[PDB]
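Asker: File name target_31.txt; file contents compact mmCIF, C-alpha atoms and all ligand atoms; full text below.
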```
# COMPACT_ATOMS: atom_id res chain seq x y z
CA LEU F 4 -130.43 12.19 91.19
CA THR F 5 -133.22 10.33 89.37
CA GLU F 6 -132.65 8.33 86.16
CA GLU F 7 -134.99 10.70 84.30
CA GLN F 8 -133.07 13.68 85.71
CA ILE F 9 -130.06 12.15 83.98
CA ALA F 10 -131.91 11.69 80.69
CA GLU F 11 -133.01 15.36 80.93
CA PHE F 12 -129.42 16.42 81.45
CA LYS F 13 -128.50 14.22 78.49
CA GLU F 14 -130.99 16.17 76.37
CA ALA F 15 -129.34 19.47 77.39
CA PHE F 16 -125.97 18.04 76.46
CA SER F 17 -127.30 17.37 72.99
CA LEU F 18 -127.92 21.13 72.62
CA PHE F 19 -124.24 21.95 73.13
CA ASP F 20 -122.67 18.84 71.50
CA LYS F 21 -123.81 19.94 68.03
CA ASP F 22 -121.86 17.26 66.08
CA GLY F 23 -123.00 14.60 68.57
CA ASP F 24 -119.40 13.35 69.13
CA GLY F 25 -119.84 13.11 72.92
CA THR F 26 -117.86 16.26 73.79
CA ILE F 27 -118.67 19.97 73.82
CA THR F 28 -115.85 22.09 72.34
CA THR F 29 -115.20 25.82 72.75
CA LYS F 30 -116.34 26.08 69.14
CA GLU F 31 -119.78 24.52 69.97
CA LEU F 32 -120.31 26.54 73.11
CA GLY F 33 -119.37 29.55 70.97
CA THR F 34 -122.14 28.69 68.50
CA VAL F 35 -124.67 28.08 71.30
CA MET F 36 -123.78 31.46 72.96
CA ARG F 37 -124.08 33.30 69.63
CA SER F 38 -127.40 31.56 68.88
CA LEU F 39 -128.62 33.28 72.08
CA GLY F 40 -127.44 36.79 70.95
CA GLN F 41 -124.33 36.59 73.12
CA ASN F 42 -120.76 37.11 72.06
CA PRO F 43 -117.94 35.47 74.05
CA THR F 44 -114.27 35.88 72.99
CA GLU F 45 -112.20 32.75 72.41
CA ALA F 46 -110.49 33.01 75.77
CA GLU F 47 -113.85 33.44 77.51
CA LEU F 48 -114.96 30.22 75.82
CA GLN F 49 -111.79 28.53 77.12
CA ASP F 50 -112.52 29.74 80.70
CA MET F 51 -116.04 28.25 80.65
CA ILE F 52 -114.85 24.83 79.28
CA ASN F 53 -111.94 24.56 81.76
CA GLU F 54 -114.13 25.11 84.83
CA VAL F 55 -116.10 21.98 83.80
CA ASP F 56 -113.42 20.03 81.98
CA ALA F 57 -112.31 18.09 85.12
CA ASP F 58 -109.79 15.88 83.29
CA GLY F 59 -108.01 18.70 81.35
CA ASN F 60 -108.30 17.34 77.77
CA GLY F 61 -109.91 20.55 76.40
CA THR F 62 -113.54 19.46 76.12
CA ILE F 63 -116.63 18.60 78.18
CA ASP F 64 -117.83 15.02 77.97
CA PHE F 65 -121.15 13.85 79.35
CA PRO F 66 -119.71 12.61 82.68
CA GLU F 67 -118.31 16.15 83.22
CA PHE F 68 -121.61 17.77 82.09
CA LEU F 69 -123.58 15.49 84.42
CA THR F 70 -121.33 16.60 87.29
CA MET F 71 -121.83 20.30 86.56
CA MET F 72 -125.59 19.85 86.40
CA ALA F 73 -125.83 17.55 89.47
CA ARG F 74 -123.52 19.36 91.83
CA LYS F 75 -123.57 22.94 93.09
CA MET F 76 -124.19 24.26 96.60
CA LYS F 77 -126.52 27.33 96.91
CA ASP F 78 -124.33 30.36 95.98
CA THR F 79 -125.56 32.20 92.91
CA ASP F 80 -125.54 35.24 90.60
CA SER F 81 -125.82 38.94 90.77
CA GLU F 82 -129.24 40.15 89.61
CA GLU F 83 -127.16 41.41 86.71
CA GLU F 84 -126.18 38.00 85.37
CA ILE F 85 -129.86 36.94 85.81
CA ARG F 86 -131.16 39.99 83.93
CA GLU F 87 -128.95 39.26 80.93
CA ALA F 88 -130.15 35.65 81.08
CA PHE F 89 -133.81 36.80 81.26
CA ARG F 90 -133.23 39.13 78.29
CA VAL F 91 -132.13 36.29 75.98
CA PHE F 92 -135.69 34.94 76.40
CA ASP F 93 -137.67 38.14 76.65
CA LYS F 94 -137.17 38.96 72.97
CA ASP F 95 -139.57 41.92 72.73
CA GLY F 96 -138.57 43.48 76.05
CA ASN F 97 -142.06 43.40 77.60
CA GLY F 98 -141.14 41.67 80.93
CA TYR F 99 -142.84 38.39 80.06
CA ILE F 100 -141.41 35.38 78.25
CA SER F 101 -144.27 33.95 76.21
CA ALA F 102 -144.60 30.48 74.57
CA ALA F 103 -143.64 32.05 71.19
CA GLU F 104 -140.41 33.62 72.57
CA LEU F 105 -139.24 30.30 74.17
CA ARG F 106 -140.15 28.48 70.94
CA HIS F 107 -138.09 30.95 68.96
CA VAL F 108 -135.15 30.52 71.36
CA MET F 109 -135.42 26.68 71.11
CA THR F 110 -135.44 26.87 67.29
CA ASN F 111 -132.24 28.87 67.34
CA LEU F 112 -130.72 26.06 69.42
CA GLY F 113 -131.72 23.66 66.58
CA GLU F 114 -134.54 22.32 68.68
CA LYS F 115 -137.70 21.03 66.93
CA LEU F 116 -140.45 21.80 69.47
CA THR F 117 -144.22 21.19 69.51
CA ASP F 118 -146.68 23.72 71.09
CA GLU F 119 -147.52 21.24 73.85
CA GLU F 120 -143.82 20.75 74.58
CA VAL F 121 -143.45 24.54 74.66
CA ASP F 122 -146.49 24.97 76.91
CA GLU F 123 -145.18 22.36 79.36
CA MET F 124 -141.92 24.23 79.35
CA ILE F 125 -143.73 27.49 80.29
CA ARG F 126 -145.63 25.44 82.92
CA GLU F 127 -142.46 24.52 84.94
CA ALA F 128 -141.56 28.17 85.66
CA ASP F 129 -145.00 29.84 85.49
CA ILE F 130 -146.07 30.27 89.07
CA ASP F 131 -148.94 32.81 89.06
CA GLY F 132 -150.51 30.83 86.13
CA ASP F 133 -150.75 33.56 83.49
CA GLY F 134 -149.17 31.41 80.79
CA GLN F 135 -145.97 33.46 80.78
CA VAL F 136 -142.76 33.81 82.76
CA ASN F 137 -142.13 37.12 84.40
CA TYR F 138 -138.73 37.94 85.84
CA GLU F 139 -139.55 37.22 89.45
CA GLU F 140 -140.65 33.75 88.13
CA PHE F 141 -137.52 33.62 85.95
CA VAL F 142 -135.30 34.25 89.07
CA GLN F 143 -136.75 31.34 91.02
CA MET F 144 -136.06 28.94 88.20
CA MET F 145 -132.53 30.29 88.01
CA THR F 146 -131.90 30.89 91.68
CA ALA F 147 -133.39 28.04 93.77
CA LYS F 148 -131.64 24.73 94.79
CA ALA U 394 -135.51 20.09 77.07
CA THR U 395 -136.72 21.06 80.44
CA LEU U 396 -136.51 24.82 80.84
CA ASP U 397 -134.96 23.78 84.15
CA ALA U 398 -132.13 21.86 82.51
CA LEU U 399 -131.58 24.40 79.73
CA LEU U 400 -131.37 27.32 82.19
CA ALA U 401 -129.22 25.39 84.62
CA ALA U 402 -126.89 24.30 81.79
CA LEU U 403 -126.59 27.86 80.42
CA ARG U 404 -126.22 29.37 83.92
CA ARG U 405 -123.61 26.78 85.09
CA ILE U 406 -121.66 26.70 81.78
CA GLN U 407 -121.22 30.54 81.77
CA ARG U 408 -119.45 30.67 85.13
CA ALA U 409 -115.89 31.42 83.81
CA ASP U 410 -114.24 30.83 87.19
CA CA F 501 -119.28 17.92 69.83
CA CA F 502 -112.95 16.51 79.56
CA CA F 503 -141.87 38.97 75.90
CA CA F 504 -146.45 33.62 85.10
```
Show the structure stored in the file as structure tokens.
Answerer:
Amino acid sequence: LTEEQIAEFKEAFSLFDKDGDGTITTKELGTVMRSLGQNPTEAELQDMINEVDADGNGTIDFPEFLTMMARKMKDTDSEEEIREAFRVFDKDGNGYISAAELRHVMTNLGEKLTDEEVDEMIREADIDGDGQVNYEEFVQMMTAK
Amino acid sequence: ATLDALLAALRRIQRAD
């Protein structure tokens, strides 16, 4: 994995590790999941953290986050788990995630984005070139190696 | 950060077993 792939995965870690203390707690994952219109119970939040927390101290540190991100063979979701993921982004239900919907989602994650940064984000998953992310395009970003 | 990394993080973190 490239050194900039690491930096990118560091940037994602920053989204979860709200208080920047170098660990993600069940509390912080809670607040991320709620900021995306989701609603996990406390025990759900403990299941998620355990399946990454390799060393069993209750939290995710960056070395454990890097390992999650880096390492997974192919096997992947039901089109049901993907749909619910797609629907966090497709705020108005129309079938297309636009630049404005992504920007809104980022803001909720405490992320201070510029239009050009948003547009380049649309660019990585936009495949037909329409400036938006349909679901078929969403799948591929979620579902490929 | 990268839609890629965000989605992957969210997808991989949600797996509860
Ligand atoms: Ca933290
Ligand atoms: Ca740990
Ligand atoms: Ca939309
Ligand atoms: Ca498109």
Asker: Find the distance between atom CA of residue 396 of chain U and atom CA of residue 54 of chain F and write it in Å to one decimal.
Answerer: 22.7 Å
Asker: For ligand CA 503 (chain F), list the contacting residues at 12 Å or closer, counting only C-alpha atoms and all ligand atoms, as a list in words.
Answerer: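 Using only C-alpha atoms and all ligand atoms, I find these residues within 12 Å of ligand CA 503 (chain F): residues 89, 90, 91, 92, 93, 94, 95, 96, 97, 98, 99, 100, 101, 102, 103, 104, 105, 106, 107, 108, 134, 135, 136, 137 and 138 of chain F.
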Asker: With all atoms listed in the file as the basis for distance, which of F:109, F:35, F:4, F:50 is at the shortest distance from residue 121 of chain F?
Answerer: F:109
Asker: Which polymer residues, whether protein, DNA or RNA, lie within 12 Å of the coordinate (-119.0, 27.4, 75.9) when you count all atoms listed in the file? List them as a ChimeraX atom specification, using the chain letters and numbers from the file.
Answerer: /F:16,18-21,26-39,41-56,61-63,68 /U:402-409
Asker: Could you tell me how far atom CA of residue 397 of chain U sits from atom CA of residue 127 of chain F, in Å to one decimal place?
Answerer: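 If I compute the distance from atom CA of residue 127 of chain F to atom CA of residue 397 of chain U, I get 7.6 Å.
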Asker: Could you rebuild chain U with N, CA, C and O atoms and give me the result as a CSV table (one decimal), keeping the file's coordinate frame?
Answerer:
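Result went into out16.csv, see below:
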```csv
chain,number,residue,atom,x,y,z
U,394,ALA,N,-134.8,21.4,76.9
U,394,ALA,CA,-135.5,20.1,77.1
U,394,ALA,C,-136.5,20.3,78.2
U,394,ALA,O,-137.7,20.2,78.0
U,395,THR,N,-136.0,20.6,79.3
U,395,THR,CA,-136.7,21.1,80.4
U,395,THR,C,-136.1,22.5,80.6
U,395,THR,O,-134.9,22.6,80.7
U,396,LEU,N,-137.0,23.5,80.7
U,396,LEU,CA,-136.5,24.8,80.8
U,396,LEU,C,-135.4,24.8,81.9
U,396,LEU,O,-134.4,25.4,81.8
U,397,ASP,N,-135.8,24.1,83.0
U,397,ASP,CA,-135.0,23.8,84.2
U,397,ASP,C,-133.6,23.5,83.7
U,397,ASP,O,-132.6,24.1,84.2
U,398,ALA,N,-133.4,22.4,82.9
U,398,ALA,CA,-132.1,21.9,82.5
U,398,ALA,C,-131.4,22.8,81.6
U,398,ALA,O,-130.2,23.0,81.7
U,399,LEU,N,-132.1,23.4,80.6
U,399,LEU,CA,-131.6,24.4,79.7
U,399,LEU,C,-131.0,25.6,80.5
U,399,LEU,O,-129.8,26.0,80.2
U,400,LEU,N,-131.8,26.1,81.4
U,400,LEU,CA,-131.4,27.3,82.2
U,400,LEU,C,-130.2,27.0,83.1
U,400,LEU,O,-129.2,27.7,83.1
U,401,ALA,N,-130.3,25.8,83.8
U,401,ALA,CA,-129.2,25.4,84.6
U,401,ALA,C,-127.9,25.2,83.8
U,401,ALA,O,-126.9,25.6,84.2
U,402,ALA,N,-128.1,24.6,82.6
U,402,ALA,CA,-126.9,24.3,81.8
U,402,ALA,C,-126.2,25.6,81.4
U,402,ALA,O,-125.0,25.8,81.6
U,403,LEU,N,-127.0,26.5,80.8
U,403,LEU,CA,-126.6,27.9,80.4
U,403,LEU,C,-126.0,28.7,81.6
U,403,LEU,O,-125.0,29.3,81.4
U,404,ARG,N,-126.7,28.7,82.7
U,404,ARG,CA,-126.2,29.4,83.9
U,404,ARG,C,-124.9,28.8,84.4
U,404,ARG,O,-123.9,29.5,84.5
U,405,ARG,N,-124.8,27.5,84.6
U,405,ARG,CA,-123.6,26.8,85.1
U,405,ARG,C,-122.4,26.8,84.1
U,405,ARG,O,-121.3,26.8,84.5
U,406,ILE,N,-122.7,26.7,82.8
U,406,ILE,CA,-121.7,26.7,81.8
U,406,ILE,C,-121.0,28.1,81.6
U,406,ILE,O,-119.8,28.1,81.2
U,407,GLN,N,-121.7,29.2,82.0
U,407,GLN,CA,-121.2,30.5,81.8
U,407,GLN,C,-120.2,31.0,82.8
U,407,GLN,O,-119.4,31.9,82.6
U,408,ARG,N,-120.4,30.5,84.0
U,408,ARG,CA,-119.4,30.7,85.1
U,408,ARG,C,-118.0,30.4,84.6
U,408,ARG,O,-117.6,29.3,84.3
U,409,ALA,N,-117.2,31.5,84.4
U,409,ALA,CA,-115.9,31.4,83.8
U,409,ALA,C,-114.8,31.2,84.8
U,409,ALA,O,-113.6,30.9,84.5
U,410,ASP,N,-115.1,31.4,86.1
U,410,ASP,CA,-114.2,30.8,87.2
U,410,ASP,C,-115.0,30.4,88.4
U,410,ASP,O,-116.1,31.0,88.7
```
